[PDB]
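Worksheet for the structure shown next.
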Amino acid sequence: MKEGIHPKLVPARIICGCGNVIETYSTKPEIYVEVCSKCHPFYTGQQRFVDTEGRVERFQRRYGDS
Amino acid sequence: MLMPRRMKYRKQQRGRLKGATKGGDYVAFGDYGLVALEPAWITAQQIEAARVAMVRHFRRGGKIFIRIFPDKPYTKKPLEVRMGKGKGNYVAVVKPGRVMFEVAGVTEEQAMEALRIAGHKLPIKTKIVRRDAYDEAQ
Amino acid sequence: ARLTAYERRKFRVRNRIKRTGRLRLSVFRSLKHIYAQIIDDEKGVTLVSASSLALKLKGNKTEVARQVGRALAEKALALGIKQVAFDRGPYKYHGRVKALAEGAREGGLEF
Amino acid sequence: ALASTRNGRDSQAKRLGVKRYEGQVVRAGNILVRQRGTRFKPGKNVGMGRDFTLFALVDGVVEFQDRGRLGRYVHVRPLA
Amino acid sequence: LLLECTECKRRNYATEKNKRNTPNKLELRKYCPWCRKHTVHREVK
Amino acid sequence: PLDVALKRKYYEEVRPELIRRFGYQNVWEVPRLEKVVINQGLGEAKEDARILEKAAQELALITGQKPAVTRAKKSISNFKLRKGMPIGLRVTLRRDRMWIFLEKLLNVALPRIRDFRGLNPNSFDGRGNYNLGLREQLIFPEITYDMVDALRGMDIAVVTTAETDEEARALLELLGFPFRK
RNA sequence: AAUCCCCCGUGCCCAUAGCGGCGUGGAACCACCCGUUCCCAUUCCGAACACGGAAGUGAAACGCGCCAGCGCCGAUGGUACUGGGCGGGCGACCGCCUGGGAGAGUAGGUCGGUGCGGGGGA
RNA sequence: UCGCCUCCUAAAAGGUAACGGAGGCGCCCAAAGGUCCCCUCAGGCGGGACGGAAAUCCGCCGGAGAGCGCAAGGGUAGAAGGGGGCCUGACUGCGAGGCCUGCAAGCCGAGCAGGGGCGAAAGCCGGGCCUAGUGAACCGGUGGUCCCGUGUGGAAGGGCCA
RNA sequence: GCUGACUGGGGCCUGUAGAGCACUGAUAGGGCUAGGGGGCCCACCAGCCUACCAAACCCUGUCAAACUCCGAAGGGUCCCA
RNA sequence: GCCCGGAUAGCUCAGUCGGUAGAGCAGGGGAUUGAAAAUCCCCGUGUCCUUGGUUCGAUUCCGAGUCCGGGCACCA
RNA sequence: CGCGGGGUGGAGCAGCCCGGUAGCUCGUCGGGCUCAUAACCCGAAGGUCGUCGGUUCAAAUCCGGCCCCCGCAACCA
RNA sequence: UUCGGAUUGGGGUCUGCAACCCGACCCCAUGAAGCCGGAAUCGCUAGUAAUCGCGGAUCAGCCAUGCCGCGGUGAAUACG
Ligand SMILES: [Mg+2]
Ligand SMILES: [Mg+2]
Ligand SMILES: [Mg+2]
Ligand SMILES: [Mg+2]
Ligand SMILES: [Mg+2]
Ligand SMILES: [Mg+2]
Ligand SMILES: [Mg+2]
Ligand SMILES: [Mg+2]
Ligand SMILES: [Mg+2]
Ligand SMILES: [Mg+2]
Ligand SMILES: [Mg+2]
Ligand SMILES: [Mg+2]
Ligand SMILES: [Mg+2]
Ligand SMILES: [Mg+2]
Ligand SMILES: [Mg+2]
Ligand SMILES: [Mg+2]
Ligand SMILES: [Mg+2]
Ligand SMILES: [Mg+2]
Ligand SMILES: [Mg+2]
Ligand SMILES: [Mg+2]
Ligand SMILES: [Mg+2]
Ligand SMILES: [Mg+2]
Ligand SMILES: [Mg+2]
Ligand SMILES: [Mg+2]
Ligand SMILES: [Mg+2]
Ligand SMILES: [Mg+2]
Ligand SMILES: [Mg+2]
Ligand SMILES: [Mg+2]
Ligand SMILES: [Mg+2]
Ligand SMILES: [Mg+2]
Ligand SMILES: [Mg+2]
Ligand SMILES: [Mg+2]
Ligand SMILES: [Mg+2]
Ligand SMILES: [Mg+2]
Ligand SMILES: [Mg+2]
Ligand SMILES: [Mg+2]
Ligand SMILES: [Mg+2]
Ligand SMILES: [Mg+2]
Ligand SMILES: [Mg+2]
Ligand SMILES: [Mg+2]
Ligand SMILES: [Mg+2]
Ligand SMILES: [Mg+2]
Ligand SMILES: [Mg+2]
Ligand SMILES: [Mg+2]
Ligand SMILES: [Mg+2]
Ligand SMILES: [Mg+2]
Ligand SMILES: [Mg+2]
Ligand SMILES: [Mg+2]
Ligand SMILES: [Mg+2]
Ligand SMILES: [Mg+2]
Ligand SMILES: [Mg+2]
Ligand SMILES: [Mg+2]
Ligand SMILES: [Mg+2]
Ligand SMILES: [Mg+2]
Ligand SMILES: [Mg+2]
Ligand SMILES: [Mg+2]
Ligand SMILES: [Mg+2]
Ligand SMILES: [Mg+2]
Ligand SMILES: [Mg+2]
Ligand SMILES: [Mg+2]
Ligand SMILES: [Mg+2]
């Protein structure tokens, strides 16, 4: 890497909906990540929260009782 | 009519009719052929005249192969005299031993009688042939 | 991908040398050793050989090289050989290869 | 234009070719080949001029060499 | 645009070609004289 | 730095899984991961190359390498384009610096993408490298959202010494690449 | 010290040495390799070039083999053409003597040969 | 239509005609020049946000079909193509020897000397891959210069070099 | 004053006759396939059949002054008689 | 050649005893009317033919200049 | 056959030189004014430049072929 | 845009034999055009014009922003 012209890329800390990624090793140490998926909310480590498909599921249910 | 699309040059030198030979000559597509005995520039309009003689001869039926093609441009002057070349106005150059035409999928008396009519439309002497061992395999 | 940058660079530099028509002082250098071979083209022939490999010496591949260059001079100058041109092959004139060259004086030279 | 004649030019023959052949005695400076591309490459004792013209560099005899895919080559052999 | 090109002294020099609207500047470069050896040479006239 | 968690993760527990799966006479035959090349094409900056060096500043920030600038191969009419001009930035990272970036990409960036039901698994290029592309740059940690004057995405290319996509797939899965299966 | 064999340079023939497939080699050469402090680097990247190395591997590359699917080469025989000498046809054109003689194609060949030097075995 | 370049005609040396078949030139570039160092195309298929037949990127295949300012041809990646750093040899004084050729012209050119450029060097460098991009002499303009200077010193006016 | 035309031998040069289709083009019959002519099921990505268009590509079959993977006979020049 | 006179925001342009400047049909905003217009009322960097230079000072003074015009030149 | 000019929304003309950009009048369409139509006013649509090729990054524009248009010529015989 | 609530998604309430075509109403989500309107053109002279709500007829329910009415606040301006 040519000497001049460069971000620092110095060891860091960092945060999320989870705890830390000690890994870091980036420019601009100590950053705040809004939420990740990995660390397993939101997709990975499937939460499947709020979950859909209820549209065929419902109309066949409220229907024949009424 | 019969004629190329796309020529690279519009007009081209006459050249010789020499040394009757070279390619075609072995009856590759069909049952009987019409082979050329003499050299000639045969014209896009004599070719079509032979074709239609034959297709008219059998019931729109049979199958016809042609197998010479008019890519050589033929110029003529107007009744002027001498300045520039040109103009217009197409031929296939045909030496001895060539198979033009060559019908197939018809009866012997048919093919042979069509090819005889077809031959009358040509400027040269012709020969009707059948097909051979000699016409190989390839 | 045919005929690599190595063998273009190779050929390019070689042919230029070969035109001037001196004897060729030709340099192979591997990761481990560095060899140098003085050639007369048109007789298709090597005349004066010198390796680190055959002089069985080691450490600091550059300082090894100045040595296999001094080795060549002493060896070569002994056959009458003085003027030649430096082949340098597919190698930047630098470091190890520069060093063998600036060790190939006390004889030889203009390099 | 088209008919009357739009044609009618050509350019002077450039009189290009080999001007000395194999086993032919030459002097330094004689030119051996006149040519458009690198059609013959210069060999031993042979220069190229800016127009790809091959000349003897030394007196000698001229030998022709066909190095196959390396081209053809003209050299002058001394005993000059 | 044919080009007449001097240095400074004795004004004899040597002659050239810039047909062009660039360079438009004093248009100067290093050349040998008939007079001593290898001086400055600025364009002119 | 030579430590870098993903690098580590690759050696202890990604490599061996891989050998168990395909099984490999040689230590080399088991896939390494070489070269993540990040390429921004920007027609966006065309007549204005002033905009450009802000975007280059941005890549550096998230890459830690300053990008070089690609310039236009041939000249083409329909969208502007003198054969002179700069089209985009392209930055090659390897070796540590690729790792320290791929980590960040896996554990931060891609999570922050709106939707993201996972990376497309057909983008393997058939000889076993993989490509994807991103719409916004603010999905990265080093970017503050107030430093974006305008959105420009990029093309990430990841080169792999695996001869096939199958193997290649395995490597990146095992590294933690979220896949839409 | 000759001779052979293997490697490393390096020439020559200029594809009969090429592609593809398969197989093989790490002691020694060679390579990839370890690192990037230093010389020197990269329009970004020690990829390349460069240096200081030597833990590992012949995976890649290279080297050595073996396969004729392709690629390349290629008779003999016969024709075409033709220098020279003669005929024939209104013509377009044809033929004979004597001397030269292809191209295509068929048969077949080929997975290279070799010089100098080194390192290692004979 | 008239001079110049390219191709065919042109009969495998050169040369070769017609109001034969077809195209181009009357410029251009201070970088499109010199050198040293590096790099290698067009196309096809696969992959990649805005990117579509085509902007950029990644992978494999691709011996040249690309590029070489412009016509064609010959040539050319073992560079003549593309990038970069230094630079101005797009020098002065000559020129062995040849190509060509009715003359006059046109063309190539090693080598020596002066002072330089790039290069560790060998070396290369007297414009540009090459073949068109041009015009005898006479008359005159300008810058210089030693030369002549109509009794003599000047000057007028010339010569010579550009 | 033996060097001449011509002739013998040996080298080098060449790209015509012939022939070929590797290039540039043209080109018959068939095959397999991009794009579509659109029959229409759409009118949402669709989407199939083509006895019309059709690249490239394979098979068979040809043509060329300004095409050549090839290529004679001859010709030219030098040397020795 | 050249003498020179001609070069305006949006165009024609109009403006040299030098001390930061403009009119009409245009453009637009606004009153009028059948409307078109005319008339009436308000705003538009024209760094006014370029650079360096005299001055506090510049369309409007000194060296070159870029361009324009006629009339006169010349042309081997 | 010869030389010169042309061919562009429905009509009639610019634009072509000098490559990148299609404009003007009328007509047509929608609205207004009028009892109504015309006139008049406010809006809009409408084209690939005869054609086939080639040049270029790019063609109405530059080059070539062909097809039409108009003009001139066709003399000594 | 806490402007403006057109369009659409899902959830329901009521009438009614029955709300796909075609009901009104509630809630959650959605939030479009619209920054005072070209030529042109309407009403109004006082408790009027603006503006604000309220009732009824028809009627199961309602597409009523309509229509017939009721009051609250309450201008401007007429030279001619
Ligand atoms: Mg025949
Ligand atoms: Mg044949
Ligand atoms: Mg006839
Ligand atoms: Mg007559
Ligand atoms: Mg007959
Ligand atoms: Mg010629
Ligand atoms: Mg895939
Ligand atoms: Mg791979
Ligand atoms: Mg070959
Ligand atoms: Mg080993
Ligand atoms: Mg081992
Ligand atoms: Mg291997
Ligand atoms: Mg053969
Ligand atoms: Mg034979
Ligand atoms: Mg004969
Ligand atoms: Mg005869
Ligand atoms: Mg043969
Ligand atoms: Mg082989
Ligand atoms: Mg060898
Ligand atoms: Mg040995
Ligand atoms: Mg040719
Ligand atoms: Mg000839
Ligand atoms: Mg001849
Ligand atoms: Mg002309
Ligand atoms: Mg340079
Ligand atoms: Mg390529
Ligand atoms: Mg490509
Ligand atoms: Mg692609
Ligand atoms: Mg080429
Ligand atoms: Mg060219
Ligand atoms: Mg060419
Ligand atoms: Mg001379
Ligand atoms: Mg002469
Ligand atoms: Mg000197
Ligand atoms: Mg020096
Ligand atoms: Mg010289
Ligand atoms: Mg005279
Ligand atoms: Mg004079
Ligand atoms: Mg006197
Ligand atoms: Mg005197
Ligand atoms: Mg006197
Ligand atoms: Mg005087
Ligand atoms: Mg004698
Ligand atoms: Mg001979
Ligand atoms: Mg022929
Ligand atoms: Mg062909
Ligand atoms: Mg021919
Ligand atoms: Mg052969
Ligand atoms: Mg004799
Ligand atoms: Mg019109
Ligand atoms: Mg109307
Ligand atoms: Mg009306
Ligand atoms: Mg036309
Ligand atoms: Mg075009
Ligand atoms: Mg008369
Ligand atoms: Mg309904
Ligand atoms: Mg507001
Ligand atoms: Mg309104
Ligand atoms: Mg009243
Ligand atoms: Mg009600
Ligand atoms: Mg109400």
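Residue numbering restarts at 1 in every chain; chains get A, B, ... in the order shown in the structure tokens, and ligands count up from 1 in that same order.
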Chain K residues near chain D (10 Å cut-off, only C-alpha atoms (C1' of nucleotides)) as a VMD selection string: chain K and resid 1 to 2 64 to 65
Taking only C-alpha atoms (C1' of nucleotides) into account, what are the residues of chain D at most 6 Å from chain I, put as a PyMOL selection string? chain D and resi 21-22+24
Keeping only N, CA and C atoms, take the residues you just selected and write them out as a short mmCIF file (atom, residue, chain, number, x, y, z; two decimals), in the first residue's frame.
data_model
loop_
_atom_site.label_atom_id
_atom_site.label_comp_id
_atom_site.auth_asym_id
_atom_site.auth_seq_id
_atom_site.Cartn_x
_atom_site.Cartn_y
_atom_site.Cartn_z
N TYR D 21 20.25 -10.56 -55.03
CA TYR D 21 19.75 -11.87 -54.61
C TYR D 21 20.84 -12.69 -53.98
N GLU D 22 20.53 -13.93 -53.55
CA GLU D 22 21.49 -14.78 -52.83
C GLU D 22 22.75 -14.99 -53.64
N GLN D 24 25.58 -12.86 -54.17
CA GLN D 24 25.71 -11.69 -55.04
C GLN D 24 26.54 -10.73 -54.26
#
Residue list for chain F near chain K as a ChimeraX atom specification, 7 Å, only C-alpha atoms (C1' of nucleotides): /F:75-77
Protein and nucleic acid residues within 12 Å of ligand 24 (only C-alpha atoms (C1' of nucleotides) and all ligand atoms) as a PyMOL selection string: (chain D and resi 1-2+5-10) or (chain H and resi 1+3-5+22-26+71) or (chain K and resi 63)
Just want the 10 Å neighbourhood of segment 25-36 of chain K, counted on only C-alpha atoms (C1' of nucleotides), with same-chain residues fewer than 4 positions away dropped. Output as a ChimeraX atom specification. /J:34 /K:10-13,40-46 /L:38-41
Limited to C-alpha atoms (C1' of nucleotides), could you put the picked residues into a file as a PDB file, in the first residue's frame?
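Output below, filename again_26.pdb:
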ATOM      1  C1'   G J  34     -63.733  43.062 -28.723  1.00  0.00           C
TER       2        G J  34
ATOM      3  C1'   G K  10     -52.034  16.703 -44.328  1.00  0.00           C
ATOM      4  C1'   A K  11     -50.685  21.330 -48.009  1.00  0.00           C
ATOM      5  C1'   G K  12     -46.830  24.814 -49.145  1.00  0.00           C
ATOM      6  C1'   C K  13     -41.700  26.095 -47.416  1.00  0.00           C
ATOM      7  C1'   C K  40     -61.008  36.236 -33.526  1.00  0.00           C
ATOM      8  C1'   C K  41     -58.777  34.293 -28.717  1.00  0.00           C
ATOM      9  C1'   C K  42     -56.479  30.213 -25.276  1.00  0.00           C
ATOM     10  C1'   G K  43     -54.408  25.178 -25.721  1.00  0.00           C
ATOM     11  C1'   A K  44     -52.657  20.518 -28.050  1.00  0.00           C
ATOM     12  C1'   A K  45     -51.480  16.596 -31.514  1.00  0.00           C
ATOM     13  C1'   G K  46     -48.925  15.477 -35.639  1.00  0.00           C
TER      14        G K  46
ATOM     15  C1'   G L  38     -55.501  30.047 -20.056  1.00  0.00           C
ATOM     16  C1'   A L  39     -58.873  32.586 -23.244  1.00  0.00           C
ATOM     17  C1'   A L  40     -63.057  33.332 -20.751  1.00  0.00           C
ATOM     18  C1'   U L  41     -66.912  33.942 -16.947  1.00  0.00           C
TER      19        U L  41
END
For residue 12 of chain E, find every residue with an atom within 12 Å (counting only C-alpha atoms (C1' of nucleotides)), except residues of its own chain fewer than 2 positions away, and show them as a ChimeraX atom specification. /E:4-10,14-15,32-35,41 /H:143-145,161-162
How would the residues just chosen look if you wrote them out with N, CA and C atoms (P, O5', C5', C4', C3', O3' and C1' of nucleotides) as a PDB file, in the first residue's frame?
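Written file, result.pdb:
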ATOM      1  N   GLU E   4       9.098  30.698 -37.814  1.00  0.00           N
ATOM      2  CA  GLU E   4      10.432  31.295 -37.847  1.00  0.00           C
ATOM      3  C   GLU E   4      10.882  31.425 -36.375  1.00  0.00           C
ATOM      4  N   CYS E   5      12.061  30.881 -36.058  1.00  0.00           N
ATOM      5  CA  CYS E   5      12.446  30.602 -34.665  1.00  0.00           C
ATOM      6  C   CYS E   5      13.898  30.996 -34.266  1.00  0.00           C
ATOM      7  N   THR E   6      14.052  31.964 -33.357  1.00  0.00           N
ATOM      8  CA  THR E   6      15.343  32.633 -33.085  1.00  0.00           C
ATOM      9  C   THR E   6      15.852  32.219 -31.695  1.00  0.00           C
ATOM     10  N   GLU E   7      17.028  32.664 -31.218  1.00  0.00           N
ATOM     11  CA  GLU E   7      17.258  32.471 -29.773  1.00  0.00           C
ATOM     12  C   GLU E   7      17.369  33.804 -28.991  1.00  0.00           C
ATOM     13  N   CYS E   8      18.576  34.239 -28.611  1.00  0.00           N
ATOM     14  CA  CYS E   8      18.957  35.639 -28.525  1.00  0.00           C
ATOM     15  C   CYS E   8      20.455  35.749 -28.804  1.00  0.00           C
ATOM     16  N   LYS E   9      20.820  36.085 -30.037  1.00  0.00           N
ATOM     17  CA  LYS E   9      21.957  36.921 -30.428  1.00  0.00           C
ATOM     18  C   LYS E   9      22.150  36.591 -31.906  1.00  0.00           C
ATOM     19  N   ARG E  10      22.731  37.499 -32.691  1.00  0.00           N
ATOM     20  CA  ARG E  10      23.277  37.187 -34.029  1.00  0.00           C
ATOM     21  C   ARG E  10      22.248  36.631 -35.037  1.00  0.00           C
ATOM     22  N   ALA E  14      17.192  28.552 -37.241  1.00  0.00           N
ATOM     23  CA  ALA E  14      16.602  27.311 -37.795  1.00  0.00           C
ATOM     24  C   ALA E  14      15.051  27.340 -37.781  1.00  0.00           C
ATOM     25  N   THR E  15      14.417  26.456 -38.561  1.00  0.00           N
ATOM     26  CA  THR E  15      13.037  26.683 -39.074  1.00  0.00           C
ATOM     27  C   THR E  15      12.036  25.518 -39.064  1.00  0.00           C
ATOM     28  N   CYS E  32      20.312  23.548 -31.144  1.00  0.00           N
ATOM     29  CA  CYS E  32      21.730  23.866 -31.418  1.00  0.00           C
ATOM     30  C   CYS E  32      21.890  25.068 -32.364  1.00  0.00           C
ATOM     31  N   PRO E  33      22.834  26.000 -32.072  1.00  0.00           N
ATOM     32  CA  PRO E  33      23.083  27.037 -33.075  1.00  0.00           C
ATOM     33  C   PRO E  33      24.221  26.739 -34.052  1.00  0.00           C
ATOM     34  N   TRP E  34      24.325  27.607 -35.059  1.00  0.00           N
ATOM     35  CA  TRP E  34      25.462  27.659 -35.969  1.00  0.00           C
ATOM     36  C   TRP E  34      26.584  28.459 -35.258  1.00  0.00           C
ATOM     37  N   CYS E  35      26.256  29.076 -34.120  1.00  0.00           N
ATOM     38  CA  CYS E  35      27.136  30.083 -33.511  1.00  0.00           C
ATOM     39  C   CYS E  35      28.060  29.597 -32.374  1.00  0.00           C
ATOM     40  N   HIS E  41      16.495  29.222 -27.686  1.00  0.00           N
ATOM     41  CA  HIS E  41      15.592  29.178 -28.878  1.00  0.00           C
ATOM     42  C   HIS E  41      14.063  29.421 -28.733  1.00  0.00           C
TER      43      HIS E  41
ATOM     44  P     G H 143      14.464  43.122 -41.693  1.00  0.00           P
ATOM     45  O5'   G H 143      15.323  42.052 -40.882  1.00  0.00           O
ATOM     46  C5'   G H 143      14.770  41.349 -39.772  1.00  0.00           C
ATOM     47  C4'   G H 143      15.580  40.119 -39.432  1.00  0.00           C
ATOM     48  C3'   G H 143      17.087  40.268 -39.536  1.00  0.00           C
ATOM     49  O3'   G H 143      17.690  40.896 -38.436  1.00  0.00           O
ATOM     50  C1'   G H 143      16.449  38.322 -40.664  1.00  0.00           C
ATOM     51  P     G H 144      18.941  41.844 -38.721  1.00  0.00           P
ATOM     52  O5'   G H 144      20.092  40.812 -39.090  1.00  0.00           O
ATOM     53  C5'   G H 144      20.777  40.105 -38.079  1.00  0.00           C
ATOM     54  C4'   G H 144      21.451  38.874 -38.619  1.00  0.00           C
ATOM     55  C3'   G H 144      22.827  39.071 -39.227  1.00  0.00           C
ATOM     56  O3'   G H 144      23.831  39.098 -38.237  1.00  0.00           O
ATOM     57  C1'   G H 144      21.522  37.766 -40.680  1.00  0.00           C
ATOM     58  P     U H 145      25.039  40.151 -38.269  1.00  0.00           P
ATOM     59  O5'   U H 145      26.111  39.450 -39.209  1.00  0.00           O
ATOM     60  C5'   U H 145      26.374  38.056 -39.132  1.00  0.00           C
ATOM     61  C4'   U H 145      27.018  37.566 -40.409  1.00  0.00           C
ATOM     62  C3'   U H 145      28.004  38.543 -41.043  1.00  0.00           C
ATOM     63  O3'   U H 145      29.303  38.516 -40.454  1.00  0.00           O
ATOM     64  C1'   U H 145      26.484  37.849 -42.695  1.00  0.00           C
ATOM     65  P     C H 161      24.269  30.514 -50.767  1.00  0.00           P
ATOM     66  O5'   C H 161      23.826  30.659 -49.255  1.00  0.00           O
ATOM     67  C5'   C H 161      24.725  30.240 -48.240  1.00  0.00           C
ATOM     68  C4'   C H 161      24.152  30.404 -46.863  1.00  0.00           C
ATOM     69  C3'   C H 161      22.691  30.069 -46.710  1.00  0.00           C
ATOM     70  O3'   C H 161      22.491  28.671 -46.663  1.00  0.00           O
ATOM     71  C1'   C H 161      23.163  32.086 -45.609  1.00  0.00           C
ATOM     72  P     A H 162      21.012  28.041 -46.704  1.00  0.00           P
ATOM     73  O5'   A H 162      20.347  28.765 -45.450  1.00  0.00           O
ATOM     74  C5'   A H 162      19.311  28.191 -44.701  1.00  0.00           C
ATOM     75  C4'   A H 162      18.673  29.235 -43.834  1.00  0.00           C
ATOM     76  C3'   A H 162      17.241  29.506 -44.163  1.00  0.00           C
ATOM     77  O3'   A H 162      16.395  28.477 -43.732  1.00  0.00           O
ATOM     78  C1'   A H 162      18.340  31.547 -43.864  1.00  0.00           C
TER      79        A H 162
END
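Atom to atom, atom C1' of residue 22 of chain G and atom CA of residue 33 of chain F stand 28.9 Å apart.
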Give me, as a PyMOL selection string, the set of residues whose atoms come within 8 Å of any atom of ligand 52, counting only C-alpha atoms (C1' of nucleotides) and all ligand atoms. chain K and resi 34+37-39
Test item: residues no farther than 12 Å from ligand 37, counting only C-alpha atoms (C1' of nucleotides) and all ligand atoms, as number ranges by chain: H: 137-139; J: 76
Taking only chain F into account, list the residues labelled strand (DSSP E or B) by DSSP (computed from the backbone), as a tab-separated table (two decimals) with N, CA and C atoms, in the first residue's frame.
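Here's the written file selection37.tsv:
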chain	number	residue	atom	x	y	z
F	33	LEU	N	-10.07	-18.04	-0.74
F	33	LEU	CA	-10.87	-16.95	-1.22
F	33	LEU	C	-9.93	-15.78	-1.49
F	34	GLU	N	-9.77	-15.52	-2.78
F	34	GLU	CA	-8.93	-14.45	-3.31
F	34	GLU	C	-9.69	-13.27	-3.85
F	35	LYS	N	-9.21	-12.03	-3.72
F	35	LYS	CA	-9.80	-10.96	-4.55
F	35	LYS	C	-11.33	-10.69	-4.34
F	36	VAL	N	-11.67	-9.80	-3.43
F	36	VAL	CA	-12.92	-9.12	-3.63
F	36	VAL	C	-12.67	-7.76	-4.31
F	37	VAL	N	-13.10	-7.67	-5.58
F	37	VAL	CA	-13.06	-6.45	-6.41
F	37	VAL	C	-14.37	-5.68	-6.33
F	38	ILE	N	-14.30	-4.47	-5.79
F	38	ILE	CA	-15.48	-3.62	-5.74
F	38	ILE	C	-15.46	-2.56	-6.84
F	39	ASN	N	-16.44	-2.63	-7.74
F	39	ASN	CA	-16.55	-1.68	-8.84
F	39	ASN	C	-17.80	-0.78	-8.86
F	40	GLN	N	-17.60	0.53	-8.71
F	40	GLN	CA	-18.66	1.47	-8.96
F	40	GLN	C	-18.57	1.93	-10.38
F	41	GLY	N	-19.51	1.54	-11.26
F	41	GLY	CA	-19.81	2.33	-12.46
F	41	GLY	C	-20.67	3.58	-12.21
F	68	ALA	N	-8.96	3.11	-7.75
F	68	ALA	CA	-8.45	3.73	-8.97
F	68	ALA	C	-9.67	4.10	-9.77
F	69	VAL	N	-9.47	4.75	-10.91
F	69	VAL	CA	-10.59	5.25	-11.69
F	69	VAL	C	-10.64	4.60	-13.07
F	70	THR	N	-11.75	3.97	-13.40
F	70	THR	CA	-11.86	3.41	-14.74
F	70	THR	C	-12.28	4.53	-15.69
F	71	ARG	N	-11.70	4.54	-16.90
F	71	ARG	CA	-12.01	5.54	-17.94
F	71	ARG	C	-12.57	4.80	-19.15
F	86	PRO	N	-14.00	9.70	-17.27
F	86	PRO	CA	-14.15	8.72	-16.20
F	86	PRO	C	-15.58	8.20	-16.03
F	87	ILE	N	-15.74	6.87	-16.10
F	87	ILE	CA	-16.98	6.17	-15.76
F	87	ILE	C	-17.19	5.84	-14.27
F	88	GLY	N	-16.19	5.26	-13.62
F	88	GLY	CA	-16.38	4.93	-12.23
F	88	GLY	C	-15.11	4.66	-11.48
F	89	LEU	N	-15.28	4.30	-10.21
F	89	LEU	CA	-14.20	3.76	-9.39
F	89	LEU	C	-14.17	2.22	-9.38
F	90	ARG	N	-12.99	1.67	-9.45
F	90	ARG	CA	-12.87	0.26	-9.16
F	90	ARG	C	-11.66	0.03	-8.23
F	91	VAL	N	-11.94	-0.66	-7.11
F	91	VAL	CA	-10.98	-0.94	-6.05
F	91	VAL	C	-10.84	-2.45	-5.83
F	92	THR	N	-9.60	-2.90	-5.92
F	92	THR	CA	-9.26	-4.30	-5.72
F	92	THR	C	-8.78	-4.47	-4.29
F	93	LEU	N	-9.42	-5.35	-3.52
F	93	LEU	CA	-8.87	-5.71	-2.22
F	93	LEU	C	-8.62	-7.23	-2.09
F	119	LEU	N	-29.16	-13.16	-0.02
F	119	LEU	CA	-28.44	-13.09	-1.30
F	119	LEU	C	-28.88	-14.10	-2.32
F	124	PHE	N	-23.71	-17.16	-9.08
F	124	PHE	CA	-22.43	-17.83	-9.26
F	124	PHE	C	-22.21	-17.90	-10.74
F	130	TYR	N	-18.55	-15.40	-7.55
F	130	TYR	CA	-19.90	-14.94	-7.27
F	130	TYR	C	-19.94	-13.43	-7.34
F	131	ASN	N	-21.07	-12.88	-7.79
F	131	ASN	CA	-21.24	-11.44	-7.92
F	131	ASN	C	-22.57	-10.93	-7.39
F	132	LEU	N	-22.55	-9.72	-6.86
F	132	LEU	CA	-23.79	-9.12	-6.45
F	132	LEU	C	-23.66	-7.64	-6.62
F	133	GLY	N	-24.76	-6.92	-6.40
F	133	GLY	CA	-24.72	-5.49	-6.52
F	133	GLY	C	-25.71	-4.84	-5.60
F	134	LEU	N	-25.38	-3.62	-5.21
F	134	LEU	CA	-26.03	-2.92	-4.12
F	134	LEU	C	-26.58	-1.61	-4.66
F	154	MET	N	-22.99	-0.26	-6.05
F	154	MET	CA	-21.79	-0.82	-6.66
F	154	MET	C	-21.95	-2.26	-7.06
F	155	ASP	N	-20.90	-2.80	-7.66
F	155	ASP	CA	-20.86	-4.19	-8.10
F	155	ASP	C	-19.78	-4.94	-7.33
F	156	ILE	N	-20.16	-5.86	-6.44
F	156	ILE	CA	-19.13	-6.62	-5.72
F	156	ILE	C	-18.84	-7.94	-6.43
F	157	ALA	N	-17.57	-8.18	-6.72
F	157	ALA	CA	-17.13	-9.43	-7.36
F	157	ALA	C	-16.18	-10.18	-6.44
F	158	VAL	N	-16.46	-11.46	-6.23
F	158	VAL	CA	-15.68	-12.24	-5.29
F	158	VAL	C	-15.14	-13.48	-6.01
F	159	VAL	N	-13.81	-13.49	-6.10
F	159	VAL	CA	-13.10	-14.49	-6.86
F	159	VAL	C	-12.61	-15.64	-5.96
F	160	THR	N	-12.60	-16.84	-6.51
F	160	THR	CA	-12.47	-17.97	-5.65
F	160	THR	C	-11.70	-19.00	-6.40
F	179	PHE	N	-28.08	-16.75	2.26
F	179	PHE	CA	-28.48	-17.14	0.91
F	179	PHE	C	-29.96	-17.37	0.83
